[PDB]
Amino acid sequence: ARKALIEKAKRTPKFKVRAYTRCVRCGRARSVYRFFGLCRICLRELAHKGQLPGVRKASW
Amino acid sequence: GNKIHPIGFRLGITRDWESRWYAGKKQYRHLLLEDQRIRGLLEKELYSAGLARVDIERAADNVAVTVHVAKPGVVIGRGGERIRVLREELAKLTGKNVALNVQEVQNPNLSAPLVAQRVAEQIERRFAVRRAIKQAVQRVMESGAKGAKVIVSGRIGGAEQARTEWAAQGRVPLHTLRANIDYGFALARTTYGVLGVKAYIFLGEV
Amino acid sequence: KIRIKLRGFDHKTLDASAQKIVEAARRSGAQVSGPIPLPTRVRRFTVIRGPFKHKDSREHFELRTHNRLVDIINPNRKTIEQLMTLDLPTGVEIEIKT
Amino acid sequence: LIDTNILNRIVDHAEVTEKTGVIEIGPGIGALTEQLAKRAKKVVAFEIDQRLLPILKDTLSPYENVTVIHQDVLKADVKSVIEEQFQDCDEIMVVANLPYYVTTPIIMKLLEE
Amino acid sequence: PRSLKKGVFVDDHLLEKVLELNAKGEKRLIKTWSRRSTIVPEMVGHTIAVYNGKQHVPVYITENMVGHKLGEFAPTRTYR
RNA sequence: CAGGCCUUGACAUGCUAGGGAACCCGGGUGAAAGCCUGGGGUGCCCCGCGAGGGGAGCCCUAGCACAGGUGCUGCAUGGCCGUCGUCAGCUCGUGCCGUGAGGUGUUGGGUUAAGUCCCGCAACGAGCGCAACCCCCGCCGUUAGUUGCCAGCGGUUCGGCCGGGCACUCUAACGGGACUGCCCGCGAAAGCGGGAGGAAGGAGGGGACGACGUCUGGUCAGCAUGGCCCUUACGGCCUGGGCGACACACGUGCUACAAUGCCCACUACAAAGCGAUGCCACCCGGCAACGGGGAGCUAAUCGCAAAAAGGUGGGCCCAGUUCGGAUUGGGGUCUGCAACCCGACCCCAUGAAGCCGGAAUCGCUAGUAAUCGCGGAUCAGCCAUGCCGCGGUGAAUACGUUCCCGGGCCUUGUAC
Ligand SMILES: [Zn+2]
């Protein structure tokens, strides 16, 4: 989660396959989801803070 | 331990989302990212004004930002110039003709975030922790506010050992859904590290 | 012959918008098919509550989309101009297809 | 520290209005200035401690009327500040509490100027 | 393995050097880092110093080893 | 980790000099990264007839504040989480007792999942707790009928296919309903046994919800932050290797050891999801994975999608076997710049161990265990037999608390 690593993911790496996904909030690349572009921790925090429209605690 | 977020527990009922808009999977991420950026910029800037809440609305290729402030005098300025440049800033950041709005919070003693930042500033100014907490809880209790609770994290008075202080009075039923408990967290930075302050305020039922 | 799509995250505002549209159309001459409820779509996200370990925590979150349908029949010109003019609530999303 | 009801009486005897401005000298903690801000329009404070100032910076955070000037009361151009800050108020009062030793010289200066 | 439609893959930077060396006399100990390339009939009988991870190991190209890859003849882990 | 490179720089905010002042395409050396070196360029104002300039954003060079660090400290911290434990307990106000520390409440009898409730009682309450308020499943009703459905009609090239209709299922929103509510009997009451009406009967079945605190619990490698440490290196850029090694041991699982079975054909019945640089119907080539053509779908319409155990017919006849498919040799396909280390899948070839498993030990009380299949996240592809969900078939047994483990409350001896 080094800075240099953060900017390294924002350039076309000469081939398609080298490209990947980083969290847009903390720069994690271990639990990021395509839909939100956030890691699980950031997703949970933002969901709890109520800053995600329509996202709510699930129970069934 | 490990109590859950009191706001996230009541998203469905008695509390409402901060961001209110619809977007498909195609463009959810972009809208969320720009919303986060807007919130970051506004929280960085308007801190002096006593920020409460930032509501983001979208209708059709446009953004309607509502800002809850203790004292609108700071945000607006001497003849409504400050807001203008502020608007321009957002207009420069995301080119979708945002429409800034300001709302003043009635009796600022009944807003958990404001109490949070107040106590955080007190901590930052090397105040006495316990006395400040009692004062804060009493002040909240004076203005109705059927319940009040304030918690400080640790590292009290630059000590070597961290410890929670905690103080409350009134009814704070964290376990009931129909509670409408307002929640606020603030972080204080001092020469000897970081402190976390949490404030819950209980206002009626149903 | 005109179909009206209502998509939302909050069912209450969606119902309010659908009610407004149906009422306005009904006032404006010709009859309508009426609000047709559609099966809501659910996305689910299971995460670990902990930031490091304890993979037995797994808090849940859901994102649900609610759907409507209006299907105005026998379109009227002044009815048409009545549409695209009424300001919709912020959360609700509208679509028009013939 | 003084009883909270007496200060009300002094402020009443100042016949403070929502339109008038006040110059307050030596707020200290900031009892007086608080009970002014309410009924007053613009409060200016000349105060030099750096010790009770954090307390004072806090106590006045609610209000937007009060302002603090970190300048010597005696080593100040009172004309300059009075014209600069108060371009809007109709009338101006001065209500303060003085710290014994230097009480006569301040009043003498304000009157001779 | 290979799709057999797009042909056997060989690095251009190595193939070019091999062919030009073939055309003009001979040279020994051609150092390379390509672990991915495949043996071709155009470099049979030569020697390649392939980088296995710490130092180039010499490998002598025979006829029989035509169908295989460069790197497999270069050990990557030393046991005992 | 080995090797080859760079030093206000991969990234941010500011000064002092010069300038080719947004910069646009080539050539060498190389594994690239880089290092040099070529041709066309000024795209904004003011000024000066113009020539020239006064200047902007604007990239280079040299220096300045600097940035940067997955370096150390989780025994300096925030935040977040785990466990005791969803155990039932932890306190306060006023009043009473005692000179006081303090006690009562919170003890005693009974009953609950529960400090749940009743009675007694010098206490009456209240707060955080439990319960309830919230969500799903189960019955019914009112608005609403398209992409859903088809009972009664007319056609149908007989498939809801058309015309047609919201009766029924469904689909969503709002409500009703369960409250020991009615009766008999037993108790001083909380309650208990048995009935009736009801879809459901005595917290209807699950979920979300974690008290004051304990464990100097876990995380400085999500993030934020205090103090030390490095800044031609502990920073940064590329190639290759490694994280996947292997005399051995341990944990969690998958597939089996067969006849309640195995294999091959035909035929049925689900839910919950996902998909526009994706799903991919159908036709053709190939035994095949797949390739070529090629409609339709921002989706109750189209597709993934074949559901599998199940049923019917045929074969196998106790054999390391038509059990099992490990291991190994070839031939291919797909993704990807690139399948040796180290991908998946297809076809041919071979066919290991394994005859129900010591001491010991785990899970489960009903739609549960056991058993069968499907979907999603991530994802170019995938080592996923993992994780989170969905449905199909569907049991056995609880006499009792002696003993094993772990808790709660009430009683007694020696230290703070
Ligand atoms: Zn993150």
# chains A, B, ... in the order shown; residues from 1 in each chain; ligands from 1
$ interface_residues --of "chain F" --to "chain A" --cutoff "9 Å" --atoms "only C-alpha atoms (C1' of nucleotides)" --output "PDB file with C-alpha atoms (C1' of nucleotides), in the first residue's frame"
ATOM      1  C1'   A F  10       6.718   7.133  -9.356  1.00  0.00           C
ATOM      2  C1'   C F  11       3.297  11.255  -6.350  1.00  0.00           C
ATOM      3  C1'   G F  68       9.162   8.914   0.336  1.00  0.00           C
ATOM      4  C1'   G F  69       9.639   4.012   3.890  1.00  0.00           C
ATOM      5  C1'   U F  70       4.878  -3.190   3.857  1.00  0.00           C
ATOM      6  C1'   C F  80     -12.106  -2.068  14.045  1.00  0.00           C
ATOM      7  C1'   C F 135     -36.448  -8.169   8.574  1.00  0.00           C
ATOM      8  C1'   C F 136     -37.588 -13.117   6.385  1.00  0.00           C
ATOM      9  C1'   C F 137     -40.808 -17.801   6.357  1.00  0.00           C
ATOM     10  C1'   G F 206     -34.977 -18.310  11.928  1.00  0.00           C
ATOM     11  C1'   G F 207     -32.237 -13.434  11.335  1.00  0.00           C
ATOM     12  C1'   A F 208     -30.207  -8.369  12.751  1.00  0.00           C
ATOM     13  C1'   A F 221       1.168  -5.242   6.473  1.00  0.00           C
ATOM     14  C1'   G F 222      -6.371  -1.791   5.225  1.00  0.00           C
ATOM     15  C1'   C F 223      -6.285   3.054   7.273  1.00  0.00           C
ATOM     16  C1'   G F 236      12.145   4.255  -6.722  1.00  0.00           C
ATOM     17  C1'   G F 336      -3.340 -14.648 -21.937  1.00  0.00           C
ATOM     18  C1'   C F 337       2.895 -10.657 -24.941  1.00  0.00           C
ATOM     19  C1'   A F 377     -18.127 -12.640  -4.888  1.00  0.00           C
ATOM     20  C1'   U F 378     -13.106 -12.219  -6.686  1.00  0.00           C
ATOM     21  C1'   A F 380      -8.034 -12.385 -18.847  1.00  0.00           C
TER      22        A F 380
END
$ interface_residues --of "chain C" --to "chain F" --cutoff "8 Å" --atoms "only C-alpha atoms (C1' of nucleotides)" --output "list in words"
residues 15, 34, 35, 36, 37, 38, 39, 40, 45, 46, 49, 50, 51, 52, 53 and 54 of chain C
$ closest_residue --among "B:61, B:205, B:55, B:160" --to "chain A" --atoms "only C-alpha atoms"
B:55
$ residues_around --residues "residue 57 (chain E)" --least-positions-apart "4" --cutoff "8 Å" --atoms "only C-alpha atoms (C1' of nucleotides)" --output "ChimeraX atom specification"
/E:48-52,74
$ residues_around --residues "residue 19 (chain E)" --least-positions-apart "5" --cutoff "9 Å" --atoms "only C-alpha atoms (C1' of nucleotides)" --output "number ranges by chain"
E: 14, 24, 42-43
$ write_last_selection --atoms "N, CA and C atoms" --output "PDB file, in the first residue's frame"
ATOM      1  N   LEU E  14      15.870 -12.563 -29.479  1.00  0.00           N
ATOM      2  CA  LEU E  14      16.760 -13.714 -29.433  1.00  0.00           C
ATOM      3  C   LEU E  14      16.873 -14.376 -30.807  1.00  0.00           C
ATOM      4  N   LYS E  24      26.854 -15.382 -40.049  1.00  0.00           N
ATOM      5  CA  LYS E  24      28.230 -14.905 -40.056  1.00  0.00           C
ATOM      6  C   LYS E  24      29.054 -15.659 -39.014  1.00  0.00           C
ATOM      7  N   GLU E  42      17.157 -23.730 -35.986  1.00  0.00           N
ATOM      8  CA  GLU E  42      18.080 -22.727 -36.505  1.00  0.00           C
ATOM      9  C   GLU E  42      19.186 -22.384 -35.503  1.00  0.00           C
ATOM     10  N   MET E  43      19.179 -23.021 -34.323  1.00  0.00           N
ATOM     11  CA  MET E  43      20.229 -22.784 -33.340  1.00  0.00           C
ATOM     12  C   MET E  43      20.774 -24.093 -32.766  1.00  0.00           C
TER      13      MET E  43
END
$ closest_atom_pairs --of "chain A" --to "chain B" --cutoff "8 Å" --atoms "only C-alpha atoms" --output "JSON lines"
{"residue": "A:24", "atom": "CA", "partner": "B:33", "partner_atom": "CA", "distance": 7.4}
{"residue": "A:35", "atom": "CA", "partner": "B:25", "partner_atom": "CA", "distance": 6.2}
{"residue": "A:36", "atom": "CA", "partner": "B:29", "partner_atom": "CA", "distance": 4.9}
{"residue": "A:37", "atom": "CA", "partner": "B:29", "partner_atom": "CA", "distance": 6.2}
{"residue": "A:47", "atom": "CA", "partner": "B:8", "partner_atom": "CA", "distance": 6.9}
{"residue": "A:48", "atom": "CA", "partner": "B:8", "partner_atom": "CA", "distance": 4.1}
{"residue": "A:49", "atom": "CA", "partner": "B:8", "partner_atom": "CA", "distance": 6.2}
{"residue": "A:50", "atom": "CA", "partner": "B:17", "partner_atom": "CA", "distance": 5.1}
{"residue": "A:51", "atom": "CA", "partner": "B:18", "partner_atom": "CA", "distance": 5.2}
{"residue": "A:52", "atom": "CA", "partner": "B:19", "partner_atom": "CA", "distance": 6.4}
{"residue": "A:53", "atom": "CA", "partner": "B:19", "partner_atom": "CA", "distance": 5.5}
{"residue": "A:54", "atom": "CA", "partner": "B:17", "partner_atom": "CA", "distance": 7.9}
{"residue": "A:56", "atom": "CA", "partner": "B:11", "partner_atom": "CA", "distance": 6.4}
{"residue": "A:57", "atom": "CA", "partner": "B:9", "partner_atom": "CA", "distance": 7.2}
$ write_last_selection --atoms "C-alpha atoms" --output "PDB file, in the first residue's frame"
ATOM      1  CA  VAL A  24      -9.960   4.194  -4.274  1.00  0.00           C
ATOM      2  CA  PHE A  35     -19.263  -2.556  -8.151  1.00  0.00           C
ATOM      3  CA  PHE A  36     -17.971  -0.022  -5.606  1.00  0.00           C
ATOM      4  CA  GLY A  37     -14.194  -0.034  -6.168  1.00  0.00           C
ATOM      5  CA  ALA A  47     -22.080   1.470   4.708  1.00  0.00           C
ATOM      6  CA  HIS A  48     -22.300   2.018   8.484  1.00  0.00           C
ATOM      7  CA  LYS A  49     -21.875   5.785   8.057  1.00  0.00           C
ATOM      8  CA  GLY A  50     -24.871   5.691   5.677  1.00  0.00           C
ATOM      9  CA  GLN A  51     -23.063   7.240   2.699  1.00  0.00           C
ATOM     10  CA  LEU A  52     -24.047   4.447   0.278  1.00  0.00           C
ATOM     11  CA  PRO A  53     -27.510   5.095  -1.285  1.00  0.00           C
ATOM     12  CA  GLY A  54     -29.755   2.042  -0.932  1.00  0.00           C
ATOM     13  CA  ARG A  56     -28.489  -1.413   4.177  1.00  0.00           C
ATOM     14  CA  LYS A  57     -27.935  -4.172   6.750  1.00  0.00           C
TER      15      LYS A  57
END
$ atom_distance --atom1 "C1' of residue 7 (chain F)" --atom2 "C1' of residue 28 (chain F)"
25.8 Å
$ residues_around --residues "region 90-93 of chain C" --least-positions-apart "4" --cutoff "8 Å" --atoms "only C-alpha atoms (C1' of nucleotides)" --output "tab-separated table (two decimals) with C-alpha atoms, in the first residue's frame"
chain	number	residue	atom	x	y	z
B	20	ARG	CA	-29.76	10.18	-1.97
B	21	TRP	CA	-29.52	9.23	-5.66
B	22	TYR	CA	-29.83	6.29	-8.05
B	57	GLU	CA	-28.66	14.82	-4.21
B	58	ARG	CA	-28.73	14.12	-7.95
B	59	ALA	CA	-31.75	14.65	-10.22
C	6	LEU	CA	-39.66	3.55	-12.62
C	7	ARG	CA	-36.46	2.35	-10.92
C	8	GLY	CA	-35.45	3.13	-7.35
C	9	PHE	CA	-33.59	2.14	-4.18
C	10	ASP	CA	-36.29	3.38	-1.80
C	13	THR	CA	-40.39	7.47	-2.97
C	14	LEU	CA	-40.80	5.14	-5.95
C	17	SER	CA	-43.55	9.05	-7.93
$ residues_around --residues "residue 40 (chain E)" --least-positions-apart "5" --cutoff "10 Å" --atoms "only C-alpha atoms (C1' of nucleotides)" --output "MDAnalysis selection string"
chainID E and resid 8:10 15 61 63 65:69
$ write_last_selection --atoms "N, CA and C atoms" --output "short mmCIF file (atom, residue, chain, number, x, y, z; two decimals), in the first residue's frame"
data_model
loop_
_atom_site.label_atom_id
_atom_site.label_comp_id
_atom_site.auth_asym_id
_atom_site.auth_seq_id
_atom_site.Cartn_x
_atom_site.Cartn_y
_atom_site.Cartn_z
N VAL E 8 4.62 -21.67 -33.02
CA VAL E 8 5.53 -21.77 -31.89
C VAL E 8 6.09 -20.38 -31.60
N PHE E 9 6.06 -20.00 -30.32
CA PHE E 9 6.47 -18.67 -29.88
C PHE E 9 7.97 -18.66 -29.56
N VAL E 10 8.67 -17.69 -30.16
CA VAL E 10 10.07 -17.41 -29.88
C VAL E 10 10.24 -15.89 -29.87
N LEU E 15 15.74 -14.53 -31.51
CA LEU E 15 15.71 -15.18 -32.81
C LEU E 15 16.58 -14.42 -33.81
N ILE E 61 22.99 -26.88 -27.01
CA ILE E 61 21.80 -27.23 -27.77
C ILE E 61 22.12 -28.42 -28.68
N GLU E 63 20.32 -31.75 -31.17
CA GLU E 63 19.26 -31.95 -32.15
C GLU E 63 18.00 -32.46 -31.46
N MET E 65 16.69 -32.13 -28.64
CA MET E 65 15.98 -31.26 -27.72
C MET E 65 15.24 -30.15 -28.47
N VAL E 66 14.79 -30.45 -29.70
CA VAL E 66 14.21 -29.46 -30.60
C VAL E 66 12.87 -28.93 -30.08
N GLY E 67 12.06 -29.81 -29.50
CA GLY E 67 10.66 -29.51 -29.24
C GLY E 67 10.39 -28.88 -27.87
N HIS E 68 11.45 -28.57 -27.12
CA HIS E 68 11.31 -28.19 -25.72
C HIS E 68 11.60 -26.70 -25.51
N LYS E 69 11.50 -26.26 -24.24
CA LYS E 69 11.64 -24.87 -23.86
C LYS E 69 13.04 -24.61 -23.31
#
$ residues_around --residues "residue 98 (chain B)" --least-positions-apart "4" --cutoff "8 Å" --atoms "only C-alpha atoms (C1' of nucleotides)" --output "compact mmCIF listing (two decimals) with N, CA and C atoms, in the first residue's frame"
# COMPACT_ATOMS: atom_id res chain seq x y z
N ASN B 62 -26.88 16.75 -12.53
CA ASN B 62 -26.67 17.89 -11.65
C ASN B 62 -26.65 17.40 -10.20
N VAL B 63 -25.99 18.19 -9.34
CA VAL B 63 -25.77 17.83 -7.95
C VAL B 63 -26.35 18.93 -7.07
N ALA B 64 -27.08 18.51 -6.02
CA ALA B 64 -27.66 19.42 -5.05
C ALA B 64 -27.08 19.13 -3.66
N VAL B 65 -26.05 19.89 -3.29
CA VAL B 65 -25.35 19.68 -2.03
C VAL B 65 -25.98 20.57 -0.96
N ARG B 87 -18.56 27.42 -4.53
CA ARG B 87 -19.30 26.84 -5.64
C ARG B 87 -18.34 26.57 -6.80
N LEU B 90 -16.14 23.51 -6.41
CA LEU B 90 -16.86 22.28 -6.72
C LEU B 90 -17.12 22.20 -8.22
N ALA B 91 -17.50 23.33 -8.83
CA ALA B 91 -17.76 23.40 -10.26
C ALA B 91 -16.50 23.01 -11.04
